[PDB]
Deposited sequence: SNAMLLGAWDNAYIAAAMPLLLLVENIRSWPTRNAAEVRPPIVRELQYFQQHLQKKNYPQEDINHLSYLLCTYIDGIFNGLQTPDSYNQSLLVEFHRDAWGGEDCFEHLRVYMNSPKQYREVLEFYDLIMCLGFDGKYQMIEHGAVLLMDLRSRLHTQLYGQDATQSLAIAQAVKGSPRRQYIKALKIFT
């Protein structure tokens, strides 16, 4: 229960929820149809950044969270033109995302809103590099438990 209640006031998560809902629908689309609806996904990504800059949120965190969104969506429709390349000039983010996350988890209370965002994205199935590491699921699930308890408590992790 802590995740839904805790994340409802999270301005980072709110600014990206339209895009997340749009993507959850497109996953049940033919692959060619998903490529045609890339302009609206690009629009939603631009709005995510524009809305948070309107709200004076730190640009370093907007970029990091946008980098994660492109990595998450690129991982859903792949395995042409990737979103991470267009927005951050990087072909693959499955490794850097967890290095961004490790720096945030070094300062838990200072970056609570950013950490809730990371918790949710991983809850939506993001795995990045852990998809190709041996025992990668065990390592990833352990990382989610350490972060989820850091945000919500032992009872929320179970």
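So which bits of the deposited sequence did not make it into the model? Residues lacking C-alpha coordinates: 1, 81-87, 167-190.
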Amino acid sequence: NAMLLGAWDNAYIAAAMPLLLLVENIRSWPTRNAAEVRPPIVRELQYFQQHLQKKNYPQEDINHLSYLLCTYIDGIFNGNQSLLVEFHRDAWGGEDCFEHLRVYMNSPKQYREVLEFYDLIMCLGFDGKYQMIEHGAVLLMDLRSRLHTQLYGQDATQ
From here on, numbers count along this sequence of modelled residues.
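Test of understanding: from the entry's C-alpha B-factors, which stretch has the higher mean, 37-45 or 59-67? Looking at the recorded C-alpha B-factors, 37-45 comes out higher on average.
Tell me which of 50-58 and 23-31 has the higher mean C-alpha B-factor in the deposited entry. The entry gives the higher C-alpha B-factor average to 23-31.
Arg112, C-alpha B-factor rank within chain (lowest, middle or highest third): Middle third, going by the recorded CA B-factors of the chain.
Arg146 by Cα B-factor - lowest, middle or highest third of the modelled chain: Middle third by C-alpha B-factor.
By the record's CA B-factor, is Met122 among the lowest, middle or highest third of residues in the chain? Its C-alpha B-factor belongs to the lowest third of this chain's values.
Going by the recorded CA B-factors, say which third of the chain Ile133 sits in, lowest, middle or highest. Its C-alpha B-factor, which the entry lists for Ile133, ranks in the highest third among residues of this chain.
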